[PDB]
There are 4 protein chains.
Amino acid sequence: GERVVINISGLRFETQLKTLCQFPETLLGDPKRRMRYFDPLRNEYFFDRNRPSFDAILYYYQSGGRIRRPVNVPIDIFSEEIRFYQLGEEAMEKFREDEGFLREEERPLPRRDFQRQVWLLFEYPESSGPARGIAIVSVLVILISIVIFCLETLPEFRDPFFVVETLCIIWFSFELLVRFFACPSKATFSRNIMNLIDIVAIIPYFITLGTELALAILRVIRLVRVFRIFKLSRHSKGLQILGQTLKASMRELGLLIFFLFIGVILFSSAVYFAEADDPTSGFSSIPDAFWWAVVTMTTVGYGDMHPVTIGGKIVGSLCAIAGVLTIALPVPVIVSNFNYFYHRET
Amino acid sequence: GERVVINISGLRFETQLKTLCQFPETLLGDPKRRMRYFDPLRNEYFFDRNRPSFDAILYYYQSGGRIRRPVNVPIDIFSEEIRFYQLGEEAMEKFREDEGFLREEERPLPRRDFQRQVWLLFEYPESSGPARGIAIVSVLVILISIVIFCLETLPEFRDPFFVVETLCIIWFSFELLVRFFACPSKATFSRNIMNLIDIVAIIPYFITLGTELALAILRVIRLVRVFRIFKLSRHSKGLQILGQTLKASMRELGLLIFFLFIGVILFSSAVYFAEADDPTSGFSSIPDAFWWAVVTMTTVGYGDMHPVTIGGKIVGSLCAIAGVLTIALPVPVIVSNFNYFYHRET
Amino acid sequence: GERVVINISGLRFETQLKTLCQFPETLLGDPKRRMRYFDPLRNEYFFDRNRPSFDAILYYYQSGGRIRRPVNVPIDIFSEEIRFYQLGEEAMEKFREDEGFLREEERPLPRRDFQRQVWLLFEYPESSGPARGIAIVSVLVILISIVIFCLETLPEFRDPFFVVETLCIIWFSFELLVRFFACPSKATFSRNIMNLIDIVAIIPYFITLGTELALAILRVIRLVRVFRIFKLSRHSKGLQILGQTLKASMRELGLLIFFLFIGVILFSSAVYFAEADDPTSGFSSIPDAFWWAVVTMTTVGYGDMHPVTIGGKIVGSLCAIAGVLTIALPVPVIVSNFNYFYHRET
Amino acid sequence: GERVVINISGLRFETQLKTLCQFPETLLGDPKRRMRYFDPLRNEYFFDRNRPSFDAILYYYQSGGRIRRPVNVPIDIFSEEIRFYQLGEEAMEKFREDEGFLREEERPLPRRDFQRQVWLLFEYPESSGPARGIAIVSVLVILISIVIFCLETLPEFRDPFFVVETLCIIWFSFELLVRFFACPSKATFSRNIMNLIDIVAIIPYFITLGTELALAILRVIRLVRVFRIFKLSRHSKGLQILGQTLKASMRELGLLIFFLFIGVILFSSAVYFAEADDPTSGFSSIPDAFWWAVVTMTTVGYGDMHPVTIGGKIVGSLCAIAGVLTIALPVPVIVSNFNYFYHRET
Ligand SMILES: [K+]
Ligand SMILES: [K+]
Ligand SMILES: [K+]
């Protein structure tokens, strides 16, 4: 173990030989790559490199692999110093993980000439001209199916609607089959959320045709027929960021609903007792003021009834303040999750 | 007093012998633990450790016990350097206090085989299976007592309700007695907020039975019977964080209510004078426009009356702006208290 | 000019003799205070002080008086190093100004035994027991004058009110005269905002008595009689911070009112044209929809009228969004001014 | 290549001669400007300058022109060190770009005695007295044209209005011609937004006079006549910052409108199905509840209809929460753009 002296443009660093040996792939590790940088007269190695960066590089050998960037060094300057010292794609990967950019995954392609083209056209719209044609045709078909849903339920009408709906269902099933049979890995296809959305978009038409050519459940089927709005999430990137935000924030949504429940029970109980002694008062139960407290705490302020007494108006003043306080507390965490996933794109 | 030279991997530090002596428990303090690190030829001590950390360590001896972490050193790296220099569990405790993590308290257990099990089951639900059974049974009993309270006050009914209410009161009193008689220290039991909540949850049933088997006060007793919602704070951690937030923020709540009072008196006075010259106007007093200014400043915007003149609509425009300004000022302090107590958990 | 070497615990600094001379009051400046710190064998001065602090201290001599604190040095540690080097109360004052704590003013006292006591009791309530008695009596008299103002304007009444009002005016004029005749400097008395508030609080009673014992102007006098709420700003510290916030933020309030004006003209013009072709529509002019756009943009959402057409409901949707955007823009600057003046107290 | 030693007040830096040569204009680059700073006995250059700044200066030569300011150095101190080392107006410009102050543009003037005065008076109001007179006359003429627009559409009137409107149009066309014929570069005149606003402000009067002296299109012309509000953006600086904010934030406005569309379709579909089984319910279609969901999600809370069932009130509670969440997400990005462009002025 012999102490070795390294000069980084004036800033001298001294370490024992054993510390450098631990890693051989490094410029310092191999005795013939660093041998050139050595100077015989002063028994020192001279590197005209950046002084702050070397202190971090030296601690990598001392810590057996820990890598950090000094808060006073830009990421790019540190990255080029790491490349110069030849720490390795593994140390560089650790540094990248510390920065917080682990999204290096690259999704595969089908292993054939024909299949790759079919998957590329449907999955990748940025490639060709026909790909953008398929994208615009798909968005237009989704939009006219939404229009058909709402116009179906108008009362002037309640057949062209069945023909337009069956053409939309033919297009949905066609692109689902083409997407399925041209996918590199079938094992991944029943784990994407969007393919499940496409399956739920085409199911209730087929079960209605089946049981109709073979009341509350029919209401359930009619309600399920609204999940065709979420087929726009394949073509919209803000909606995918909204889904990531809502998944990451499930504890805060439960706290929002729980705090609003506690406040609704409390202020409904309080308002009824004050108004119970006035005949003009509209509140007749505690279940009754539940609506009044929801719209007063949220500030929609419809007003199921207007308080008629003095204690009822003091309770209403406190309800209007307490809702602002209650709602404003778990919402900055959800908007921080949104800002994170949204500016992650840059 | 002889100057002693310490080399931290190249970065040389010089101090007098007296400074090291002040603390003997340290590696530098005792003359035989540091003696090995000494090198005779250069009359220097060599440590292959992190250079930024040592400057902070040296100032600990110079300052007679002050310990700080340099803004450019991660907490973990500084913590391991502190352990290496053997400063002590006292210096380490001072460093931890500076970081802001003083919650190291560990609450005791009953000194017996039987008592410890009873306290553990009721106090600690994460232990066993019966503990989670007691937790789920307790939350269900609290929820059906809330449902019984509101259904009691419905007008179609006004006995099964007395039987369900007396079963709920039997369960509440049973677990309160079991919690009390199995507690390591009785002196702490009348200082927890939750045990006071359980006592107030079971009192008015017993005083109603007493004076009923022996009007405004009866109204007070009926209102008190709503504090059974706060028995959910033992099973909910967001509600405990909400109570800590509301205790820490009592000056800001008083400022919110005071600013709203000042604005209500001011804008009620202003609107009445403008509408006094119009017969169609609904405002008849200044006490009268108090409600109109509360719901206009908070934005619930019910509208006790609609202003009928031009000056009354200019005053209403200013009221709607001034409420947003007034309310928005003390609320970021309350949401910062919430974020602090909420992310303290991680 | 001879180079002089200073060692700060290992970290060597070299400067010419002329640089140290520029300031003589410093420990380095005088040749007999620093002479002791000098060591003859190494021709160096040794100081066991903090290394980062000295670099800032040296630049003070080089820059002819500039003083800064390194971002990596706590204010207290730098302050004690400044005191050790004896830079002076002037350099220390410059450092304090850089930190941003210029509020060192100390307001005087009357130059007599009798006057000082009278000024101290009225101006300073934290001194004695009678001082807190005067404070509580003053707040109670202000509160009953507010109650008399609103009860005067009730319609069941419209004399005990004149007697209570004249007792309140006697107390206000009494403490104003006692405050005036016991003030160290009369030149400052007609520049405080609170003494002007007290004068405007007692004026309209005296001019009403004068012209009544000697219609729109009477309305003006009645409106002026509401400035007795602002007499609570002497006893409330949140109201003084609110006044400082509102003075510092006058450009942002003008921008808020200007943006709301622009939006009201724009959306009133747009809604009327869409509803002009429908007889059922309530909008009849552009002046008419001014109220509807104010309450839709602010979200009070009273609704002067409900849009009856499809274009009118598209315009109403855009009005409801645009008001949130317009109002939310200049308000974070006002809440930053509030947070600054409010946490300035600590 | 010979190593050269530079001492910055004790802090020694060593570099090879070739690195200094790369830039000759620098004090170090030329062999006769730096020759004076050299000291023969120690073979070192001595500079009593700031030690942190030099490390950044040295990396400029090593990196072939990269310039950065250390996070621990104030901008002014670094700027004066850059000037001392004579790096150049090019290196200084790179440093300024890194700081983020690229607005150094200086707009020209007409090349004649007469033209320069005419352009200066109209373009620059801060120069003279007549310039402020032209500014105040212009703002007054714009304000009375807005008043004439709204009073035209009152129903008591529907000629003095044509005379006032034609005087306003004469003034607008006069200052547009004077601004045009006195402009240094005509190529820039059809690219300013404000000159396009002035042209659209004077067009529909002339096309109405032309086709009237030669129904939906007439409605379009009447609507276009509202763009005279935007002629105030020349005299208002908050409105110019609002236009810059709205241009920089076009993706966030599209996301706001898209999220509100998705929520309106979803909650309209949900509320109708719950209320379809109740005759008292007002919702009759899904197109019908579109208004109800817009005003519930935005909190204006007019209420097209009031839900009459229990499932309809659970859906209404969720709509009132979801609108707050949906709207609150893309709005902090727009207020950050506002704060940036607004505090850019200082
Ligand atoms: K609202
Ligand atoms: K509202
Ligand atoms: K309303």
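Since chain D takes its numbers from Swiss-Prot, the residues it shows come out as 103-260, 293-348, 360-491.
Including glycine, each Cβ sits where the backbone N, Cα and C put it.
Feature annotation from Swiss-Prot assigns S-palmitoyl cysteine to D:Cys317; the stated evidence is sequence analysis. D:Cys317 (S-palmitoyl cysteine) falls within neither a helix nor a strand when secondary structure is assigned with DSSP, and so counts as coil.
Taken from Swiss-Prot, the feature motif 'Selectivity filter' applies to D:444-449, supported by similarity to another entry. A Cβ distance under 8 Å defines the sequence-distant neighbours of the motif 'Selectivity filter' (D:444-449), meaning residues of its chain 6+ beyond its ends; these are 427, 433-434, 436-437, 465, 468-469.
According to Swiss-Prot, the topological domain 'Cytoplasmic' annotation covers D:317-327 (among others), on the basis of sequence analysis. Under 8 Å from some Cβ of the topological domain 'Cytoplasmic' (D:317-327) lie the Cβ atoms of residues 210-213, 217, 221, 388, all in the same chain and six or more residues away from its ends.
Non-local neighbours of the topological domain 'Cytoplasmic' (D:382-397) in the same chain are 327, 375, 475-476, 478-479, 482-483, 486-487, 490; each lies 6+ residues outside the stretch with a CB under 8 Å from one of its CB atoms. Marked as topological domain 'Cytoplasmic' by Swiss-Prot: D:382-397 (among others).
What Swiss-Prot records for D:418-458 is topological domain 'Extracellular'.
For the transmembrane segment (D:235-253), the residues of the chain that approach it from at least six positions outside its boundaries are 223-224, 227, 259, 295, 298-299, 302, 305-306, 309, 370-371, 373-374, 376-377, 380, judged by C-beta separation under 8 angstroms. Residues annotated as transmembrane segment in Swiss-Prot, with sequence analysis given as evidence: D:235-253 (among others).
Within its own chain, the transmembrane segment (D:295-316) is flanked in space by residues 212, 217, 220-221, 224-225, 236, 240, 243, 246-247, 250, 253-254, 259, 323, 329, 332-333, 335-336, 339, 376, which lie at least six positions past its ends and keep a Cβ under 8 Å from the stretch. The transmembrane segment annotation in Swiss-Prot covers D:295-316 (among others) and rests on sequence analysis.
Sequence-distant contacts of the transmembrane segment (D:328-348) (same chain, six or more residues past either end, CB-CB distance under 8 Å): 299-300, 303, 306-307, 310, 313-314, 366, 369-370, 372-373, 375-376, 378-379. Residues or ranges marked as transmembrane segment by Swiss-Prot: D:328-348 (among others).
What Swiss-Prot lists as transmembrane segment is D:363-381 (among others).
According to Swiss-Prot, the transmembrane segment annotation covers D:398-417 (among others), on the basis of sequence analysis. If one looks beyond the transmembrane segment (D:398-417) by at least 6 residues along the same chain, the residues whose Cβ comes under 8 Å of a Cβ in the stretch are 391, 428, 430-435, 437-439, 441-442, 452, 457, 460-461, 463-464, 467-468, 471-472, 474-476, 479.
Per Swiss-Prot, the feature transmembrane segment maps to D:459-481 (among others); the stated evidence is sequence analysis.
Distant neighbours of the transmembrane segment (D:363-381): 237, 240-241, 244, 247-248, 251, 306, 328, 331-332, 334-335, 337-338, 341-342, 388; these residues of the same chain sit at least 6 beyond its ends, with a Cβ under 8 Å from one of its Cβ atoms. For D:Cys317 (S-palmitoyl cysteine), the number of other Cβ atoms no farther than 10 Å from its own Cβ, over all displayed protein chains, is 19. Two residues, D:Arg260 and D:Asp293, bracket 32 residues absent from the model, and the distance between their Cα atoms is 11 angstrom.
The DSSP breakdown of the motif 'Selectivity filter' (D:444-449) into helical (H, G, I), extended (E, B) and coil residues amounts to 0 helix, 0 strand, 6 coil. Under 8 Å from some Cβ of the topological domain 'Extracellular' (D:418-458) lie the Cβ atoms of residues 405, 408-409, 412, 464-465, 467-469, 471-472, all in the same chain and six or more residues away from its ends.
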